[PDB]
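Trainee: build me a model from this:
(one chain, ligands or ions: 8)
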Amino acid sequence: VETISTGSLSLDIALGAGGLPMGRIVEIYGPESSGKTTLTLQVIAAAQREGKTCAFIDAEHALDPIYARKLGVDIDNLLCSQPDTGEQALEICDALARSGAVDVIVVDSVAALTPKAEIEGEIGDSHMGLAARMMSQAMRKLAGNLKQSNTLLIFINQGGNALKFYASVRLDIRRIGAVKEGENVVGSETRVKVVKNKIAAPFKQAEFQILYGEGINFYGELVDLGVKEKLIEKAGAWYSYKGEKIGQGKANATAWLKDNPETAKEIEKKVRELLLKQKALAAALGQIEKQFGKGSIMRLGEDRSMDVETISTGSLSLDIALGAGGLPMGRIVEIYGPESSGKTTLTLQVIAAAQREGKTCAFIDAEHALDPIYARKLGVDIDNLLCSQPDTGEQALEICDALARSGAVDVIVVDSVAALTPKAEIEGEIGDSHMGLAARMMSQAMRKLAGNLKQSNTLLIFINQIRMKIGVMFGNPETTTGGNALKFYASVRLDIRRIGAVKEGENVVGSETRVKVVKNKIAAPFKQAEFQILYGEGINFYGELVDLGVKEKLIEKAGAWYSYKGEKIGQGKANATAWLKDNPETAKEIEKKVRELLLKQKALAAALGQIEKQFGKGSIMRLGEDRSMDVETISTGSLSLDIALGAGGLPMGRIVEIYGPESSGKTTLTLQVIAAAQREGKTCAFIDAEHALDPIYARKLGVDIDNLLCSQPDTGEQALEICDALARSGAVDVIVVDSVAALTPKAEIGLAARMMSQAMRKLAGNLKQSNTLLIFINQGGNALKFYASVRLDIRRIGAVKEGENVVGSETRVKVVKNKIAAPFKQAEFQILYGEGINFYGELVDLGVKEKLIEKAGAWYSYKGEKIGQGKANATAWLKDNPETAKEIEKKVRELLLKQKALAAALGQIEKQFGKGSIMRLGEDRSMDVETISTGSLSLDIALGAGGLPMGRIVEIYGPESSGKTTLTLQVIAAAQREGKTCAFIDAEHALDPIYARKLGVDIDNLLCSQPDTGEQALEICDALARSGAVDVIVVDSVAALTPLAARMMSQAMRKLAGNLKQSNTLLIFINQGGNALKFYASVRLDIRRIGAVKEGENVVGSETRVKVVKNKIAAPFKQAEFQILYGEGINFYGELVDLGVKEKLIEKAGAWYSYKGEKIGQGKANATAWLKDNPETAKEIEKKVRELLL
Ligand SMILES: Nc1ncnc2c1ncn2[C@@H]1O[C@@H](COP(=O)(O)OP(=O)(O)NP(=O)(O)O)[C@@H](O)[C@H]1O
Ligand SMILES: Nc1ncnc2c1ncn2[C@@H]1O[C@@H](COP(=O)(O)OP(=O)(O)NP(=O)(O)O)[C@@H](O)[C@H]1O
Ligand SMILES: Nc1ncnc2c1ncn2[C@@H]1O[C@@H](COP(=O)(O)OP(=O)(O)NP(=O)(O)O)[C@@H](O)[C@H]1O
Ligand SMILES: Nc1ncnc2c1ncn2[C@@H]1O[C@@H](COP(=O)(O)OP(=O)(O)NP(=O)(O)O)[C@@H](O)[C@H]1O
Ligand SMILES: [Mg+2]
Ligand SMILES: [Mg+2]
Ligand SMILES: [Mg+2]
Ligand SMILES: [Mg+2]
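Mentor: Numbering: from 1, shown residues only. Ligands and ions are numbered 1, 2, ... in the order given. Sure, the structure comes next:
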């Protein structure tokens, strides 16, 4: 029968037929990127140059028109099938088989022929085996509709045992080499095996080459074939054709048969024999059209764009490649693209053009992104934009359903696929927690949206991304790494990328983008559009505009010059661009010229409140709305934050996430609300996983530290669970959690962001019935993103200088999630070291924009009265008379806005978990434990307990040469001082025994180790924990215990935890590291050297501050200062003097120190070494302070 040339010579040869059998089914299978599609596009070429009109059944949405062109396909005369489903696909190809004169059909690809079933939800029992049965189905029916037409059908594969037997021929293409030009990639040595042949002989294989951007090289193989078949003679290097010399090497031998057409064709043949009407279409087309919905197959080179309604993308060159001149009103559009590609700009740009034509639009936001200010420069009327911030994946998808059945919502924008994270994930509900399974949630409420949008003319847009990734792999792009469904139910599909970026000299102010239209059931698919996107300006309207008035000779390219009807307009695209900018109409007409040359509040105001009734109160609104749901508010501290919050403070009994980088301000603000609350009565709780909190700073910020509740939990879980019952009290009005990331679970004591998901939903409710406001802090797990009622974005931007001195951080808070009022509004303000949020600073600014204070360029006036010059000097004038302040304070507010349950539920928590893991911070109440003296005095006072808790864990940390070691050795000393024997695990290979002696240890009774490995050390002290009364152990230092330098720890950390509470044995770790321990301590210390003690000229000291950071023994966050004398040790008398001062026993007369009216010392210095010389009257003060703080 009839045969079509493969494009390769030897493929034809191994086929036995000199081509691929017409009227049969032919399968080409093999690893991806092996030349599958090239070989394909090659037969479409060889047949295309013989009339034989061809069909391309496309589900890959791949195909490079350009690469095709150079392979040699009459693109303008090719039929492609952009099917709606795998079924429909496997029927359109059938329908063409029947229609006589449609010659060869190509399906791309078997794998992407995803069943109508999958496109929805559901299931089978030959399943994913559902395709192998959609195959088995309309296959017989095709098998015979081909021997009818001589119609050749070619299937491309990599899943369906039916196709196997109905194929008359099968090919095993694989990339097995590569071809070089000395120093380059350019080649791909390919190997094709004939597996199935009922046309001649099977099992024969044939080899050839593929060139990047040129295709199969049969001339290449021709030479080689002429070699073995006598016709061509090889004289070593110079190749021959019987006397007539042809070239040098294989490089020129091939390069010659290119210049000589006729002589080649001759040899071609001589080898072959030595081995081996137009309305049957056009009528039968409109047929498949009417039969399956209008436009779902076509020739590619067509001026036919149906006149369905068009909305401008913002880019001319996009509208152009769309075909229709805008996006299809009443359809689904997926714009996918690599993160930070430009997608959303283009997205906001459609919102732009539609809003400028009277229409009103929807924004379904699961990203919490959207820069209002940028949108406003972009062209979007933010005030009228309908914004939705859904509680969840499905819930989001269902809010569209009903914005479709409105009709006067014109365009819906969904941000974005990947971020529409479903219920099951939000709860943590396992089995397919396996996130990327609930893509079936897409397939679900998808089907229905199709209709609801079409009979509204509501245009909907989806945004996606793609996977290559866990984090970083090197596998390959699978179209749309959201869900399988959308891939078909989209009427049009966009691939925005980024390739260039552009410059204003050396600045980077641009981004060169490329949008590919890959799925197009409006017109010409696979058309593309390059243009520019400018930071803070938008799409380069004029940019592309020029480029078009090039090709449609309206603006004349005179090399580097740009002319408009004789008169010169710009040199270099640069100025041309920006010329049109200043003569708008001349452009907007040239616009129109290329567009000629290539192309009630009745129903709304009602269907709005319809969703608020059905889907939780206020789950959508115009962004410009004044309407705040009236629920009670706690002031953030920053007026401008309150304001942009919408409600005037944080929502009561709802969850709030404040996040940001480290050192942003997130805590200052956090502490500020705890303040503002405490000064209204309402009492607060602080759950601490961070052990951060500066008491002194809080005190100066305005926090009643004494009456604040602190909880230093052992496990994240436990932490949360504490909030649980702190919610069921109604007497904790504000809980603060520092911080999400640090709430590391028991399991870890990576994956368990699940813990966050857990007791989340239960805690959500308990707060509305308590007004218990809970605030989280992040830098976390997916659940919070949603259950939060308000999400805050603090970042630090600038700095504040007093003359020339860094005394402040200029901050910016952005309300990115707001289900209490208007979202996306922002507020900027000052934070000052040691004073906090700058009330007055923003107050001035407010009164300027609310016209109470008058800006005379640089001068600041308050009605007649001139109150300052330069923001600063004015700021600090309201600080000078709070009279006028408190008046303007309010006038701006006006222009923009028992102890039964407590004193009981407290101890309940102590009983439920651990005794003493919550308390008031200003508490005498210490507990009973054996306490070793730390060596200090004020330390053992700041501990509250008398010293370190026997048989718990204690971590001391801080910078190198801080005094870490010394401190410990001072403890070992004052254990030695009462029998308690000691071992000192000296991993560091530190310690100068000599020095040690000088500090006061019994050198000979401190039996100690110099371990080789981290482990040895661990299991050494492990065995000393069990070893009865060996009474305290110091590990110096966690440092040389990088061998999972915490997975190793978390091991024996569990073990030493319960071997100590047994032996009373106490363990002190030192650090500079390795998590777990952080929690497994009952006390933590922050040492730091901050001074130095001189004796005129000698560095003989180190002034030292130790903060009690973690204290599950008594009151935490207390601090103590003292002198450490090099080669003597801590200063008994040093800190003693000081204590006796603050306890009215020794009296400070400026520089003079007094005792019973008696002069004892001038300058702390001499005062000290006085008490050294009067032990009697010293020891006597010792006690009387010990009586007053122990
Ligand atoms: N735009 C292009 N520029 C240069 N070379 C290309 C281009 N497109 C394809 N190629 C070449 O062809 C590729 C082979 O695979 P191809 O012919 O596209 O079949 P395929 O395996 O079906 N592709 P896919 O199904 O997407 O994995 C590469 O090895 C390149 O050599
Ligand atoms: N404030 C801004 N100033 C300058 N350019 C901006 C600003 N905001 C956004 N852009 C532009 O928008 C970016 C393109 O990405 P965008 O349009 O946000 O799509 P996106 O990929 O959805 N972002 P994301 O979803 O966060 O990964 C940048 O390349 C900028 O061109
Ligand atoms: N002891 C202090 N002295 C001076 N300034 C301080 C002190 N403690 C905090 N600050 C200020 O607060 C910081 C801002 O970050 P902060 O309010 O601590 O939130 P944070 O990011 O949660 N801290 P962290 O959890 O350690 O990353 C700095 O910018 C300082 O302006
Ligand atoms: N041989 C010595 N004689 C006297 N004083 C010393 C001697 N060695 C160190 N010092 C001082 O006293 C030390 C106390 O610091 P130290 O207790 O070693 O802290 P550290 O953090 O454990 N050091 P490192 O282990 O290197 O991180 C430092 O302050 C030194 O300045
Ligand atoms: Mg392809
Ligand atoms: Mg966005
Ligand atoms: Mg803090
Ligand atoms: Mg040391």
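Trainee: let me see the ranges of the helices in the stretch 101-250 of the chain.
Mentor: Secondary structure of the stretch 101-250 of the chain, counting by DSSP state H, counting those that start in this stretch: helices at 116-119, 131-137, 140-144, 163-166, 218-228, 249-257.
Trainee: just put those in CSV and tack on mean neighbour count.
Mentor: (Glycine included, C-beta is placed from N, CA and C.) Below are those laid out as CSV (neighbours: other C-beta atoms under 10 Å):
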stretch, mean neighbour count
helix 116-119, 20
helix 131-137, 19
helix 140-144, 15
helix 163-166, 16
helix 218-228, 19
helix 249-257, 17
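Trainee: looking at those helices, spot the one closest to ligand 1.
Mentor: helix 218-228 (14.8 Å; C-beta to the nearest ligand atom).
Trainee: and the gap between residue 995 and ligand 3?
Mentor: Per C-beta to the nearest ligand atom, to the nearest Å, residue 995 is found 33 Å from ligand 3.
Trainee: actually, residue 892.
Mentor: Residue 892 is 26 Å from ligand 3, where distance means C-beta to the nearest ligand atom.
Trainee: what domains does the record give for this protein?
Mentor: Using automatic domain parsing, the domain parsing of the chain gives 3-217, 310-539, 541-599, 629-820+832-837, 839-880, 924-1130, 1132-1190.
Trainee: from ligand 3, how far out is the residue of the chain positioned farthest from its centre?
Mentor: Using C-alpha atoms, centre = their mean, the residue of the chain lying farthest from its centre is residue 243. It sits 70.0 Å away. According to C-beta to the nearest ligand atom, residue 243 and ligand 3 sit 86 Å apart.
Trainee: the residue nearest to residue 370 when sequence neighbours are not counted: how many residues sit nearby?
Mentor: Spatially, and ignoring its direct neighbours in sequence, residue 370 is nearest to residue 824 (6.0 Å; C-beta to C-beta, 6 or more residues apart in numbering). Residue 824 has 24 neighbours, counted by other C-beta atoms under 10 Å.
Trainee: returning to that earlier point: for the helices of the stretch 101-250 of the chain, which one sits closest to residue 323?
Mentor: Counting by C-beta to C-beta, residue 323 lies closest to helix 116-119 out of those; the figure is 24.5 Å.
Trainee: may I have the closest one as PDB, with CA atoms only?
Mentor: Extracted in PDB, the C-alpha atoms of helix 116-119 (Å, rounded to 0.1, in the frame of the first residue of the first chain):
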ATOM      1  CA  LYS A 116     -13.600  12.900  31.100                       C
ATOM      2  CA  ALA A 117     -13.900  11.100  34.400                       C
ATOM      3  CA  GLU A 118     -10.600  12.300  35.800                       C
ATOM      4  CA  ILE A 119     -11.400  15.800  34.700                       C
END
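Trainee: which phi and psi values does residue 37 adopt?
Mentor: The phi and psi torsions at residue 37 (degrees, to the nearest 10) take the values phi -70, psi -30.
Trainee: what helix or strand is the closest residue to residue 645 other than its chain neighbours on?
Mentor: Taking C-beta to C-beta, 6+ apart, and ignoring the residues beside it in sequence, residue 645 has residue 815 as its nearest neighbour in space, at 5.8 Å. Assessed by DSSP states H and E, residue 815 sits inside strand 806-818.
Trainee: partners of the helix or strand that that strand is followed by in the sheet?
Mentor: Next helix or strand after strand 806-818 toward the C-terminus (DSSP H and E): strand 826-832. Using DSSP bridges, strand 826-832 pairs in its sheet with strand 806-818 (antiparallel), strand 836-837 (antiparallel).
Trainee: which residues sit against strand 826-832?
Mentor: Applying C-beta atoms under 8 Å, 6 or more residues apart in numbering, the contact partners of strand 826-832 are 372, 638, 640-641, 643-644, 665, 668, 797, 800, 807-815, 837-838, 841-842.
Trainee: buried ones among those?
Mentor: Neighbour-count burial (16 or more other C-beta atoms under 10 Å) applied to those gives 372, 638, 640-641, 643-644, 665, 668, 800, 808-815, 837-838, 841-842.
Trainee: what about ligand 3: which of those residues touch it?
Mentor: Restricting the buried ones among the contacts of strand 826-832 to those touching ligand 3 (C-beta under 6 Å from any ligand atom) yields 665, 668, 809.
Trainee: quick check, nearest of those to residue 986?
Mentor: Nearest member of those to residue 986, counting by C-beta to C-beta, is residue 668, at 41.5 Å.
Trainee: and residue 467, what are its phi and psi?
Mentor: phi -120, psi 150.
Trainee: pretty sure it sits against residue 481.
Mentor: Yes. Between residue 467 and residue 481 there is a contact under C-beta atoms under 8 Å: 3.7 Å.
Trainee: separation between residue 280 and ligand 7?
Mentor: 80 Å (C-beta to the ion, to the nearest Å).
Trainee: in contact with that residue, which residues?
Mentor: Counting by C-beta under 8 Å, 6+ apart, residue 280 has contacts 99, 100, 101.
Trainee: contacts only, for the first one.
Mentor: Under the criterion of C-beta under 8 Å, 6+ apart, the contact partners of residue 99 comprise 149, 280, 281, 284.
Trainee: just the buried ones from the residues you listed?
Mentor: For the contacts of residue 99, buried by 16+ other C-beta under 10 Å: 149, 281, 284.
Trainee: what are the ranges of the strands in the stretch 151-300 of the chain?
Mentor: 152-157, 167-175, 189-197, 205-211, 215-216, 233-235, 238-241, 244-248, 298-299 (DSSP state E, counting those that start in this stretch).
Trainee: these: which one's closest to residue 271?
Mentor: Closest to residue 271 of the strands of the stretch 151-300 of the chain is strand 205-211 (C-beta to C-beta; 12.7 Å).
Trainee: who touches the closest one?
Mentor: Under the contact criterion C-beta under 8 Å, 6+ apart, strand 205-211 has outside partners 8-11, 13-14, 35, 38, 179, 186-194, 216-218, 220-221.
Trainee: what residues does the stretch 351-500 of the chain have near ligand 4?
Mentor: With the criterion set to C-beta under 6 Å from any ligand atom, the stretch 351-500 of the chain never comes near ligand 4.
Trainee: most proximal residue of the stretch 351-500 of the chain with respect to ligand 5?
Mentor: Here the residue of the stretch 351-500 of the chain nearest ligand 5 is residue 479; by C-beta to the ion that distance is 11.1 Å.
Trainee: ok, the chain next?
Mentor: When distances are taken as C-beta to the ion, the chain reaches nearest to ligand 5 at residue 62, 3.4 Å away.
Trainee: that residue - how many residues pack around it?
Mentor: Using other C-beta under 10 Å, the number of residues around residue 62 comes to 13.
Trainee: isn't it right next to residue 36, touching?
Mentor: No. Residue 62 is beyond contact range of residue 36, at 10.2 Å (criterion: C-beta under 8 Å).
Trainee: beta partners of the nearest residue to residue 528 once chain neighbours are set aside?
Mentor: In this structure, residue 528 finds its nearest non-sequential neighbour in residue 516, 4.9 Å apart by C-beta to C-beta, 6+ apart. On the basis of DSSP bridges, residue 516 is bridged to residue 495, residue 528.
Trainee: residues touching residue 516, list them.
Mentor: 494, 495, 496, 497, 526, 528.
Trainee: one more: residue 1028?
Mentor: residue 1063.
Trainee: how close does it get to ligand 1?
Mentor: 70 Å.
Trainee: ok, now residue 917?
Mentor: 58 Å.
Trainee: phi, psi for that residue please.
Mentor: Dihedral angles (degrees, to the nearest 10) for residue 917: phi -120, psi 30.
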